[PDB]
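Reviewing the structure listed below.
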Amino acid sequence: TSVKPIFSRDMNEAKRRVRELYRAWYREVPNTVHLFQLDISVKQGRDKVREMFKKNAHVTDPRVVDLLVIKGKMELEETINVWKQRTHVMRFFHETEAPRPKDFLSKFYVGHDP
Amino acid sequence: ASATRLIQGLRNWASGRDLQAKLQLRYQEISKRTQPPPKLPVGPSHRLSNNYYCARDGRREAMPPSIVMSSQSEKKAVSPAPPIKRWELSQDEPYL
Amino acid sequence: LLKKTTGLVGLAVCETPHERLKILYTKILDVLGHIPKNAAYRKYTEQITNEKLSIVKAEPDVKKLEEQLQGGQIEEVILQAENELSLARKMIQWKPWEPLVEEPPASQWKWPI
Amino acid sequence: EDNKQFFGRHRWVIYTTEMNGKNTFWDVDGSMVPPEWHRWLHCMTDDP
Amino acid sequence: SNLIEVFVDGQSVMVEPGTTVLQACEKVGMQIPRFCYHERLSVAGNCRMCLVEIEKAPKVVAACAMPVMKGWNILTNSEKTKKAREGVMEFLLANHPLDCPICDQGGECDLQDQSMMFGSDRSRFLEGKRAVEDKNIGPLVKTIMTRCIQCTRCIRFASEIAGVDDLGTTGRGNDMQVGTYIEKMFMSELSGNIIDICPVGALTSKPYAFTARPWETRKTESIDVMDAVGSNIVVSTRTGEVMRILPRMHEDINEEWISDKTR
Amino acid sequence: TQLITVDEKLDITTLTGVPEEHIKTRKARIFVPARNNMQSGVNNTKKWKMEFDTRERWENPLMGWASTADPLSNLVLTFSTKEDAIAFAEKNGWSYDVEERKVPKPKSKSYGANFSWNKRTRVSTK
Amino acid sequence: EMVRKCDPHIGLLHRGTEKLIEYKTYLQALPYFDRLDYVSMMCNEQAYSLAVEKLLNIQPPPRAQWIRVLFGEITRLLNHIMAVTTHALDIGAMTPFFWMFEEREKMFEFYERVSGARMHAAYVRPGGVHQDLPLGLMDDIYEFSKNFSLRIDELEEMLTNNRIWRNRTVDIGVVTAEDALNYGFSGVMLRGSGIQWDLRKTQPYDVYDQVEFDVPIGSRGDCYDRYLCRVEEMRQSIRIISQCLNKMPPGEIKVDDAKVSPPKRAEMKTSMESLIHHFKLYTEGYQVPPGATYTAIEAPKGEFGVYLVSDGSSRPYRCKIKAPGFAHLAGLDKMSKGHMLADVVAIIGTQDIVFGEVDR
Amino acid sequence: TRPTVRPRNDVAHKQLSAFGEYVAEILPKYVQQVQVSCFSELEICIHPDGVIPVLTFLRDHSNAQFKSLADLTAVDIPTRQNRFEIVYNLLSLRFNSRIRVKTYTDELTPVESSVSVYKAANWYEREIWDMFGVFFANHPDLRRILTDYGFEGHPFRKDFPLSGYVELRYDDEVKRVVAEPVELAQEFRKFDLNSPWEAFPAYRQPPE
Amino acid sequence: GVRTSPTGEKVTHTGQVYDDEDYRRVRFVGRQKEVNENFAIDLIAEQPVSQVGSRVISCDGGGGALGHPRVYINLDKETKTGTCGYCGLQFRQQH
Amino acid sequence: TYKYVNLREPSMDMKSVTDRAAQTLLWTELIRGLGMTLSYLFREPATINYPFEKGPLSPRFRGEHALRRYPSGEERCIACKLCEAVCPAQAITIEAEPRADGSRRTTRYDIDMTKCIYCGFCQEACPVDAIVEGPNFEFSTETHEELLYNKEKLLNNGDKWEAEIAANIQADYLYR
Ligand code: SF4
Ligand code: SF4
Ligand code: SF4
Ligand code: SF4
Ligand code: FES
Ligand SMILES: [K+]
Ligand SMILES: [Zn+2]
């Protein structure tokens, strides 16, 4: 049960790193909308950043959220630098995908998937 | 090969070499496109006796790696091999 | 005879190879004296360093010293002496003559699974 | 044939002007060669 | 306990008295090659593929039938054991037809698999092969008796488990032919498990005939519903279509068999 | 100290990049595969497996091929023990069931039983 | 003008080759190696073949080994033509490209005569080669090699003494020996800096201990000495091809272990063991004993190593492909510092980079 | 066993067994196993805390001088609780020899970066991060090297499917290459090719 | 021996033909359905039955190594001929 | 066993110094390069006249696939699925059943020619010489699905190219 830390000794330093990564994304989103000339607003991109951070809001393991912060900083460095194109930024917005059936009844109608 | 001797001489002069001796266009000195049928030889295992497969089974003589040390004197400090012999300079053409 | 070049790029010609190798071998021995005597790194490194230093002291020539140290040019023998010196300084800090820090899991190095 | 040419020029085909209905006076085609001549032309054999 | 001590390649193992050499090798995780042996049939002892060496003994013994004696070192990977296996595989493949591509047992053939594992790699047979006459024993079991190796798993199954006593060998010598001797139709309720316990393609499934091939099938482990026995089965599918139904070995229900309706 | 104490459950599902559809709606199956009753060999029945539920395979309109939308349809993982497979399923958020290893019971084989005096186990032929 | 930092973004030709190898047998995973270094096809075939033959504890016959060394040096000629001529075409000398690709067309005809495909032969296999040489092939290899020296002579006339070629190469891309060892360089990237190391001499494979050739050692570690090393390696490959045509033995071309290499179709259609072995080799394949190996050969770009792992089955558990271009393109960042943007394309030329082996 | 069996090299086997004893007794703090394969390739199995001491020793000791990093590799083996097997392939140019240093980590324990020992590893362990998810602490520029820029998941892990989870097509509505979930027109046919008969008795694992 | 469905479509040697209500006939609209009009099931019935004087005959399809693997065919049935499993040539014992 | 490329010391006598300065000021090696380029100007080019002239090929050549027949009209493929088991691209899809006279023949023999890697493992795994990879390479199409061959296309390629494929197998089969 004694493991080796990655960056965070406990959850509080990990939450500090999550918080600074969220600050850096919140600052970066207007420049991302500008220089990629995305057709979305700044509020929509920031709400997508909030959606991606709250997708991982259930983790209580410091090493796992350390690796999540490492991968998020990697995506941030790929976005600050122009390494992604417009396609790699807009893959966070599943625009061309049709909305999946949510309730039981429409999934029963269209197919076999639970 | 069809070139006149004036063009051939100018060409040999401009390159500085004799070019008809070594032509990069191939002619009738190459092999025939239709060949006589081969009779290929067989291996050493094509025998009718003293040819049990167990005495030439290559795959079944590989053993697992011999564990030298595991966690479950004035002996000589060793190297992985003898040190490499220094290369000799070429007696053919060393550019020296 | 003053070898013109080593042939290796970036490995400059040493003008005084014997004195340099004596300095580096005795400095390896001085650094290595801080390691405990029961460590196999100290015994083996004192062995090979005493052999190299005895060969260097027992040979005034440079070419014959290269052929009997058996490590190529004399300048890369000097470079490996520098590498051994820096290594022994690191082995003092790491202390790897201690026992194993952790046994592996019970089926860790088992192949095939 | 012209066996004085170099190896690659020494065999060729002058295609017809009508194959399977199509006007091939200018629209020659590499796949107009039938399989009995496709060995000879591609030098898979020395025998026509 | 009255367990006696035997040795399998020098490794000690405690077995009950009356245990065969094959089961004593099975306890250490070693599967001896076999063709006539089947642990739910009786012991025939005639394919002679389990010929293993007991050391300090100048004769190989039939491991499916020989009971162990206390103190035997069963040499499973010795030289004369391997020579016995290569010789017996050579005689098995002497008259065996070159049908491996057109055969439904290919890819799931014991004769192919342990010819690769235990046999030699080439033929000294420079003669003519036999061609055995085919039979018709029903619309379920395709019969190609040239591929038969005369292992009598047919006959032991129909005698002991199906309880039919209508399959048997006719003839003597190399002309010995497993069959019914007459135009008789082997229709039991268990008549399809002879397709399972034929190690070769001499008894193949006639509905599954030519349709698929065992490397590309996806083995799905399911339950029979044709009867209330609850027979554990494999449903094997190829590209989303059901190709056949094989049994699963479950000791408490259907030991390794299924019925003809299930199959 | 250079070591930390984490008493939480090992969960890496936010790190594997698998979408939620192929995490929470798939059923892993931990099992030793049954012996092919076509054959007598038991070397394939040695290790534990992990496959998933078979999702839909439909027909290609052009060629009649087996089209799929399931990425985990060809995924079969090989494990040495049952508990390693259970740990790998719990680590990746996969719901699993476990079928136990079905070893065949040892048989009392007797060649002399085929030629008994008063028992029903006489063979009528050999 | 100067270059401060060079960041090669790669993975644009990442195909996931060595994951696709995990789901295919060893014979099916052989043609993945033709397409890694796609100008050094039979050399990568030979490296994978030697890895599987080391794990299988078998050896090729002598004639198969001599055919492997013959076509390996034909392959080395092909790769150094590609290297030198495109390194000249990127700088601007477009003419010896066209001059040497006709000789390269003749060597692709040699591949097509021996295997049927002009580039990706799938010919050098574990156990030997797939098929014997057709009659009349070695005479045409002789007629090629007898003339190819004049081609190297006129290439070396166009470029070596040329002052514009020397201006673009002499003060360019200098690597010291310890940095070349530390960056994991291999082949000409080592030997231009003076490191006397060649895997055909030090750790020899198939019959390279029985052939006699020289190893061109650079003096300054720059682009120009590595250019001269590749030209002299073409000279020495002509030397090895002459020795291989003269010392070719007769005999078989596969291993005569029919549980590894497939039997002949004449006896596949006659014998029973041969038909069973043909069936099981072309559906299941041969099983490899469990073990991991690292077999490295001297590719014409450097050290083409394969870390192949077997679990005992007929498919590779893990198959790592070490390629020279990966470490060379990693060393691009140090080699380009202190140079201009015109020198970077020359450094990417003298590091013979094929991105199929860089990205897999 | 002459023509078709590989000749056994007993000399190099004995030399590598001696050098494996040498490394195992100089560095007992980290070396767990030493083994030499039958085709004479030495393997040093270490603890993941000894990446820098073992590799610095092999790079700098006068009886090792492994100045060249040939290859650096991870191997996903899911049945182990430390599923990744980080493999270092070294080359001695002085002693004309190769050594294999092997270690392990799971998804959450970082391996110490060996770029301070071998600068060749700066893209190799970057590839190990990209393909397997093994984090390398105290690395200069750790980022993805082979995958697509928005690519989620680690591909050479064995729980990752052959085709991925998303595929690309061009979409004329948004005028952009888009990512949608993968749907194959023909599914990859899985072939159960393993024989049920034991191939090699020397590799027979003992039963339970 | 190709026949034709009521939809005007040629039937393959397998027996495949699309239905009238099947939309997949639109791929042949303006184009052609390429079938092979040399049905092998008709071209092997045109072969003569080989009257051999032996009880067991061998067949390799002709050519030796250019045919199929050599099989041995039993001819003890006088009700039925002995058909080669690969090439389909059928044999009869001439007594 | 090694040689030093570019380890020549230049001479420093006035003869060689004036030779190098004349090479510098009078551009002598540049005139050498112009002379070599002029020497190729007066050669015959290696250009064949395609499509009227064709590149030289061998009987081993691996081009378009074809399903063959026996000399009786009977097709050779006995549905054994070795070719799709060995196919490293999984380009081959086979389905089979007994036909009306009970013979083991295919109903589906597809080859996705856009998956196919043209390596000829199918023709060397085929025990009956049914699938061959014939000599046709000029089969470029204008639609993607035209390169998705079914059994009828491959049987028509066999019936089209049999008069050439048979002679290539006749020329090559003793090497196999
Ligand atoms: S029974 Fe087995 S060995 Fe005999 S033809 Fe069928 S697959 Fe081949
Ligand atoms: S048909 Fe099969 S099961 Fe019956 S005796 Fe012959 S080989 Fe054995
Ligand atoms: S040539 Fe190769 S890829 Fe193409 S169908 Fe044949 S086996 Fe498959
Ligand atoms: S290998 Fe030959 S006979 Fe077998 S299925 Fe393929 S084409 Fe048909
Ligand atoms: S298994 Fe014992 S003889 Fe058949
Ligand atoms: K059967
Ligand atoms: Zn026939």
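Chains as they are written, first to last, in the working numbering: chain A, 1239 to 1352; chain B, 856 to 951; chain C, 50 to 162; chain D, 944 to 991; chain E, 285 to 547; chain F, 1206 to 1331; chain G, 18 to 377; chain H, 2 to 209; chain I, 78 to 172; chain J, 20 to 195. For each residue, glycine too, the CB sits at the ideal point set by N, CA and C.
Option in the options with minimal Cα separation from residue i
i, options, result
"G235/G", "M206/G, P279/G, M251/G and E90/G", "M206/G"
"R982/D", "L193/J, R195/J, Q189/J and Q42/J", "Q189/J"
"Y958/D", "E181/J, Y137/J and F71/J", "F71/J"
"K170/J", "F116/I, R102/I, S135/I and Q170/I", "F116/I"
"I1291/F", "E1305/F, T1273/F and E1264/F", "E1305/F"
"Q167/I", "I134/I, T84/I, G140/I and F105/I", "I134/I"
"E171/G", "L53/J, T37/J, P107/J and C96/J", "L53/J"
"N1297/F", "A186/H, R158/H, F20/H and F189/H", "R158/H"
"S857/B", "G871/B, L880/B and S870/B", "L880/B"
C-beta neighbour in chain H for residue i, strict 7 Å
i, result
"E363/E", "no"
Within-7 Å CB hit, residue i to chain G
i, result
"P109/C", "no"
"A13/H", "no"
Secondary structure of residue i, DSSP reduced to three states
i, result
"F1284/F", "strand"
"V248/G", "helix"
"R93/G", "helix"
"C46/H", "strand"
"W1322/F", "coil"
"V1223/F", "coil"
"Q1207/F", "coil"
Closer than 7 Å to chain E by CB, residue i
i, result
"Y100/I", "no"
"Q1244/F", "yes"
"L292/G", "yes"
For residue j and residue i, believed in contact at Cβ under 8 Å, the rounded distance
i, j, result
"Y23/J", "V232/G", "So it is not a contact: roughly 10 Å between Cβ atoms."
"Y74/C", "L102/C", "4 Å"
"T74/H", "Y324/G", "5 Å"
C-beta neighbour in chain I for residue i, strict 7 Å
i, result
"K468/E", "no"
Interface flag, residue i vs chain F, CB-CB below 7 Å
i, result
"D1341/A", "no"
"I104/C", "no"
"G51/H", "no"
"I162/C", "yes"
Short CB-CB distance (under 7 Å) between residue i and chain B
i, result
"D231/G", "yes"
(message) List, from N- to C-terminal side, the alpha helix (DSSP H) runs of 4 residues or more that fit wholly inside the region 1264–1334 of chain A.
(response) 1280–1292, 1300–1318 and 1324–1328
(request) For the region 866–900 of chain B, list the beta strand (DSSP E) runs that are entirely contained and at least 3 residues long, ordered along the chain. (result) none
(request) Return the chain-ordered ranges of every alpha helix (DSSP H) run that is complete within the region 64–116 of chain J and spans a minimum of 4 residues. (result) 101–105
(message) Could you tell me which whole beta strand (DSSP E) segments of length 3 or greater appear in the region 86–141 of chain I?
(response) 127–129 and 133–136
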